Each structure stands twice: as structure tokens, then as C-alpha cells.
Protein chains: 2
Amino acid sequence: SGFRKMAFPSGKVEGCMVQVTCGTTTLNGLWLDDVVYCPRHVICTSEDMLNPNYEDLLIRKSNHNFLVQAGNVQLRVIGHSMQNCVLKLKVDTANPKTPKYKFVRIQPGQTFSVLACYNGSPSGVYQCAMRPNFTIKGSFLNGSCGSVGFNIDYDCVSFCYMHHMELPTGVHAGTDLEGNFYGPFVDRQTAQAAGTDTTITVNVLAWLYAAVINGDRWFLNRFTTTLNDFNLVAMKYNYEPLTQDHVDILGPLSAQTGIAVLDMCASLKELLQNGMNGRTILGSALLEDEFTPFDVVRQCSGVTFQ
Amino acid sequence: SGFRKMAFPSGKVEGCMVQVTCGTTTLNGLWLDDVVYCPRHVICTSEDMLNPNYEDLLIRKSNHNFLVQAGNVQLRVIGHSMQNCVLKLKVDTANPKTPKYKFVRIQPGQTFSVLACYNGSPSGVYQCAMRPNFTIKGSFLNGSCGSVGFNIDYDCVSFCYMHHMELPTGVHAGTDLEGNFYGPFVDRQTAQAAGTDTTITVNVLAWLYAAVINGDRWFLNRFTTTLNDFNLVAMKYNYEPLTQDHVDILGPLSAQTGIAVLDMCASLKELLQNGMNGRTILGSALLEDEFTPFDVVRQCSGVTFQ
Ligand SMILES: *[C@@H]1CC(=O)N(CC)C1=O
Ligand SMILES: *[C@@H]1CC(=O)N(CC)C1=O
């Protein structure tokens, strides 16, 4: 028993981080097979970032202007190309530590682990969710750009995020591994608006099921509700609307606990209108929305990986 | 910016987990050099655990009764011995992946990362603190015994915890790597009392400094206090008393932020007496006590590891 915000084991990703330098800018790259992936703003100076013309900046760079370092191992760049907002550096050495892997573009509300790196070296690992406004609430200092987010499926690493930017509000934005930003953001140092950060309802419900499984039952009430009535209350509290797909994904948790999804929704509704009244749930005094239904099942069943 | 409950990267430990079987009991072992470490209750059946006589049970075991598996790699046991509550199995193969390492016995309030494993395979990693009553609030299912807790110092892994038991209250107990339990607990399935779980005050203060560094300043008040006056209030709320050693360890955070430790103590005192009033700090509605002062510095400065 017990319930923790658990990250994936990071060993398979640790072996893929390198340091990429171009001019005086140093960040992190991801070395898979014979390609290194990194943010294209490695070719920018601090002044360039206010209004960069990436095509024009990239024209004055040759293969030998990119220094890629894996420990004290020097990789030779034999080709480079820009794909959307990432640079692909072809090197002469395939990474012997290349895990089995796949690039995935995730949806808001999904969760992943971030391996925070500086100078190609791992600093720590934590779990987070892609917010509905396409930001993440990370922990990133200068130099962390190119750190990656990932999930593990048995022996397979799914890379879903590469860190690019901190917004002036203190939240973080980045791309998938094809270089397409999540959200409306661009790799320019300019004021950029994020939208409303709503709460991920299907994740809150999953975490309430985790609570019941672990013995926290006080919030279970006498009421039920309908999906329209719940969604009417949810939207007033800046909660994401629940759909039938969400009800379907929660089915295994409803079966294991004997609590109908709509019954759990009526419990959540009372919590939104009456608050927690100084109570806690799974050691939190706020409703937690960074566990997906699959996260809960994984942690409550003991799934392992390569 | 941003602040996250960050675990250490787990790659160096992943390479040291094996599966240990004896009879019908399977758990995890830690393979370092040519020794495997595991909980001695691997030699117990489920009935033995009610009242085990370990010396007597161990007499009916020979080297070949212990099966140790690292992937599909079979290790040969050439010697075994009991040291306190851990078994030391000497195998014929040194682990080629042995990191540089050291066994440490930690103090309550210190933090470490746990690599939760099942059948010798990593499941996830999370950060936690040794509670003042010598339990940890972990996430562990059956089969997780022998999972280890650790810290990293550059290239050096410090192993500090091995999981042994879940108490009937749902909290977790274990040993250092010399087999000595943390706390008054024994490896017997019997009702065992844990004492009061107090809040780790010096960690709460460190996290308040992290908040100020990251822009959460609302709780900073007009008052100051003394260490005796604060400790008088702290003890009423089941907070650990603060000592001068604690003030000393917080010195670098006081210097960076310009806020005297005793001033921060008076802010904490008002929070204890008046509550948060629906406010949050670093996204939490409770005072968080699982960051040490060193954790805060590490995360706010970007320390990295091998
Ligand atoms: C992991 C290895 C890989 O490429 N795949 C393809 C679908 C995986 O699931
Ligand atoms: C890491 C490697 C090791 O054995 N030590 C000794 C003090 C470390 O700090």
C-alpha cells in the first residue's frame, strides 16, 4: 500500500544524453542511433533570441561548428538539418546504448517523466502532466534546454517532450521530437500568452479511485449525478468536461472498487462545492490531477520494465 | 524556475538489482561486487513470518538453495551468511556494473530516492524522507521487499535503505545495508507500534526558502521570534524542535534571500496558528517537509551527477 508520485526509471534515457555546443551556447542533446536531436536555438546568441531568423542564422553554420560531447567522448558531426524547431545532427558513431524507442506526440492531460539535465549530465527525474493549455509546470534552470520527457512501455522508451523555453510566467514549453511545439508557442524570447490552466478531471477521478483502494474513503457521499449535471458544475470551477471516452477509460477502476464512475463524480462535485474542510486525501489537501487512470493501475498492480 | 519533488537518476542502481529466490519466496537483491544483499526473510514461508527463528531456519539452507537471477543471467552462490537482518550471498561473478558506492546509515528527516522493484526489475522511482518515528511513507506492494533507497554524490551511490516490512498501519519499515533496522521494528509479522509522526521543521523552513526564491512571498509577515518562543509553539503542533545546528545548516539560504532564519520562523509560526486560509505555497496547501536544506540548494543550483 501507499501512493506516491512515481517517475519512470531513468537508466535507459541517461545513456542517451549528450552535450551540444555551437558558438558559446551549450545545452543538451538526445543521441539515438547516429543522430543527435537538440533545440534549434542552440545556434542563437542571447541577443538573437529576441527576434531570431533561424534559416539565416543556420546558413552561417557548418558541420564543424557543432561540438557534441558524450562524457569525454567526442562525436563527429557529418551532417545537419533543421526539422521544425529541432536540429538533427548526424554523427559518425551510433550510440551503443540506444534503447528500443519510438517518438510520440502526447495529448494534454497525459503524464510523463522528465530527466532534467545540465551539460549533458542528469540532475534529477520527476513526473508531470502536460497541462490543458499545453504548458508543463516543470523545474528547469538555465542550461536545461534539450532535457527530454519520456514514458516506458516494458523495454520501449517513448520520447514525447523536449524542453525549449521558460515563459515569463514561470511555466515551461517545448516540442515533440519532430520539433513541433506543443501549443501556440514559438522559440522566440517574447511575451507569450498561455490560456486558462484547467484541472484534468479524468485524472482527479483516477486519483480518487486510488484513494479508495488505499483506504481513504471519507469523501464518498450518498449522492449520484449525471454527466451533464456534473459537467455543468465542473465548468464553473475551471475543470475539463468529462466525456464518455473518459468514463470508458475509468471502467477497470470502477470494477475493482465497486464504485460507479457517476457515483464518484457526485462525490467530486460535493468536494468542489464544499471544499475539503481541512481534511486530506492521500496526504494532499488539494485535488491532484497528475495521475492518469493508467498511472493508477500501473502503481497499484506493480508493473515493471526492462 | 519551478520546484518539483525530484528523485535522483536511477541508472546506476538499476544495474544492481537482481531477483533472489529461496524455496517459494521471491524478492529483490542488491548485487555489488561479488555479494548479493537481500532481506533475511527470503528464507521464510508465509507461516514462518508470524514467529520466525531465523538461525534455526537458516540451518536447513545450503548455498544451492538460493537462486539468484540477473535478467536471464544465473549467478552461482558459493557462500552465504546472516548479518543482522540481511543475508549476504557470495556469488561467483562480480557485477560488471558495480557503481562506486558506500553504505550509510541516515538520520530521521533526511531524504533519499527509492527504486521500487518487483522480481529484480525496476518499477518506478520516488523521493521520500525518513520520518522522525523511523518509518517511511512509501509505495510498496507484495514482492517489493529488498528494494533500496539511495542518494547520489557526483559519481558515488550511497545506499541507505532496504525495504523489509509494511506495518499494519500502512507505513513501511526497513534496514540500513548492514541489516540494522531503522527504529524499534523487527522482521516478524506482529502488531508493532510506531510513535508520533512529527513534522520535520528544518525541512519545512528550507521549503519556505525555496518558495521565496521561486516567487511565493505572501506568507512573509512583519514579525520575528526567538528560538525558545518558536519551539514552544512548534511542540504544540507536533513539530520537531529547532536547534542551533538547524539554524547553521539554513545559513546559505538565509544569505541568498536576505531573510533571517528567525524571521522565517516567525512566518512559519503564524502559518501554524492561522493556517493557510485557502492559499497555497509552491502549489501545495500543506506545509511540505520532504525537502532538506541540501535538496533545495541542489535543485535551485542545478547540481548534476555521473
Ligand atoms: C518499442 C520498440 C519500438 O520501436 N516499438 C514499435 C511500435 C515499441 O513498442
Ligand atoms: C564514492 C566512492 C566511495 O567509495 N567513496 C568513499 C568515501 C565515495 O565518496
Side-chain angles (χ1 to χ4, degrees), chain B residues 3 5 102 104-113 127-137 149 151 153 158 160-161 171 173 176 180-185 193-213 216-217 219-276 281-282 284 286-301 303:
Chain B
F3 203 74
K5 194 162 284 168
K102 87 181 334 173
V104 185
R105 184 173 179 86
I106 64 169
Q107 308 293 319
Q110 291 188 277
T111 56
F112 53 95
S113 293
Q127 186 81 349
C128 64
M130 173 78 39
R131 301 310 307 170
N133 68 0
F134 293 99
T135 64
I136 66 168
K137 302 182 82 83
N151 288 282
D153 177 57
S158 289
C160 57
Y161 179 85
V171 295
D176 60 29
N180 297 304
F181 264 88
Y182 290 100
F185 304 114
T196 305
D197 191 5
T198 51
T199 302
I200 304 147
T201 308
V202 57
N203 289 7
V204 177
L205 289 165
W207 174 81
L208 290 179
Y209 278 107
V212 170
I213 289 175
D216 251 319
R217 333 179 319 272
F219 55 88
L220 298 175
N221 78 347
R222 311 296 196 99
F223 300 71
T224 194
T225 186
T226 73
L227 185 62
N228 275 347
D229 284 286
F230 171 83
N231 276 340
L232 213 62
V233 173
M235 294 213 61
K236 165 179 160 196
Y237 288 92
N238 282 341
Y239 268 58
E240 286 289 307
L242 207 70
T243 74
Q244 186 58 48
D245 291 352
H246 293 146
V247 176
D248 287 351
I249 298 167
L250 290 163
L253 289 172
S254 170
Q256 171 171 3
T257 66
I259 297 156
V261 174
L262 285 175
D263 290 353
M264 191 60 93
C265 286
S267 294
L268 177 56
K269 169 174 154 213
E270 292 305 302
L271 288 178
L272 292 176
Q273 297 177 335
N274 299 339
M276 291 228 207
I281 301 178
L282 283 181
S284 167
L286 301 167
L287 300 171
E288 170 71 56
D289 74 344
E290 295 193 313
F291 298 91
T292 69
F294 300 102
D295 294 339
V296 173
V297 175
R298 179 161 56 71
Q299 186 174 159
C300 292
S301 75
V303 172

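First the proteins, then the strands, lettered A, B, ... as listed; each starts at 1.
- Listed here is the closest heavy atom pair of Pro293(B) and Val202(B): CG-CG2, 3.9 Å.
- Listed by chain and number, the residues in a side-chain contact (heavy atoms from CB on, under 4.5 Å) with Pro184(B) amount to none (sequence neighbours excluded).
- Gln110(B) meets the side-chain contact (heavy atoms from CB on, under 4.5 Å) test with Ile106(B), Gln107(B); sequence neighbours excluded.
- The number of heavy-atom neighbours closer than 6.0 Å to CG of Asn274(B), taken from other residues, nucleotides and ligands shown, is above 12.
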Chi angles and distances behind the side chain to side chain contact (heavy atoms under 4.5 Å, CB included) call for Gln273(B), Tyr237(B): CA-CA 9 Å; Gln273(B) 297 177 335; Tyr237(B) 288 92; 4.0 Å; yes
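- By the 4.5 Å heavy-atom criterion applied to side chains, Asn151(B) and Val104(B) are not counted as neighbours.
- Other residues, nucleotides and ligands place more than 12 heavy atoms under 6.0 Å from the CZ atom of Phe181(B).
- The closest side-chain heavy-atom distance from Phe230(B) to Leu268(B) is below 4.5 Å.
- For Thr224(B), the side chain to side chain donor-acceptor pair (under 3.5 Å) partners at least two apart in sequence or on another chain are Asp263(B).
- Judged as a ring-ring contact (aromatic ring centres under 6.0 Å, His included), and not counting sequence neighbours, the contacts of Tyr161(B) are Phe112(B).
- Proximity of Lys236(B) to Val233(B): side-chain heavy atoms (C-beta onward) are nowhere separated by under 4.5 Å.
- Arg105(B) pairs by the side-chain contact (heavy atoms from CB on, under 4.5 Å) definition with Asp176(B), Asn180(B), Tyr182(B), not counting sequence neighbours.
- Using a 4.5 Å heavy-atom threshold, the side chains of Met264(B) and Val212(B) count as touching.
- The shortest side-chain heavy-atom distance between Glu288(B) and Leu282(B) does not fall under the 4.5 Å cut-off.
- Side-chain N or O atoms of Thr196(B) include none that pairs as donor or acceptor with a backbone N or O of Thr198(B) at under 3.5 Å.
- Counting only heavy atoms from C-beta outward, the side chains of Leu287(B) and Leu271(B) approach each other to under 4.5 Å.
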When the side chains of residues 253-262 of chain B are checked against the rest of the protein, which donor-acceptor pairs come out under 3.5 Å, sequence neighbours left out?
unit_1    : atom_1 : unit_2    : atom_2 : d
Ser254(B) : OG     : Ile259(B) : O      : 3.0
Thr257(B) : OG1    : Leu253(B) : O      : 2.9
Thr257(B) : OG1    : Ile259(B) : N      : 3.4

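- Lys269(B) is linked by a side chain to side chain donor-acceptor pair (under 3.5 Å) to nothing, counting only residues two or more places apart in sequence or in another chain.
- Without hydrogens or angle criteria, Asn203(B) side chain to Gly109(B) main chain gives a donor-acceptor distance under 3.5 Å.
- Residues passing the side chain to side chain donor-acceptor pair (under 3.5 Å) test with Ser267(B) are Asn221(B), sequence neighbours excluded.
- Scanning for side chain to side chain donor-acceptor pair (under 3.5 Å) contacts around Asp229(B) gives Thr226(B), with sequence neighbours left out.
- Listed by chain and residue number, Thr280(A), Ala285(A), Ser284(B) satisfy the side-chain contact (heavy atoms from CB on, under 4.5 Å) test with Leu286(B) (two or more places apart in sequence, or in another chain).
- By the ring-ring contact (aromatic ring centres under 6.0 Å, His included) test, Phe3(B) pairs with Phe291(B), sequence neighbours left out.
- Every pair passing salt bridge (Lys or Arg N to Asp or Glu O under 4.0 Å) that includes a residue from residues 289-298 of chain B is listed here, sequence neighbours excluded: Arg4(A)-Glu290(B), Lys5(B)-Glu290(B), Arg131(B)-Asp289(B), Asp295(B)-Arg298(B).
- Counting heavy atoms from C-beta outward, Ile281(B) and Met276(B) have side chains that approach closer than 4.5 Å.
- The two atoms that bring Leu205(B) and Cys265(B) nearest to each other are CD1-SG, 4.0 Å, heavy atoms only.
- Between the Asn238(B) side chain and the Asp197(B) main chain, no donor and acceptor come within less than 3.5 Å of each other.
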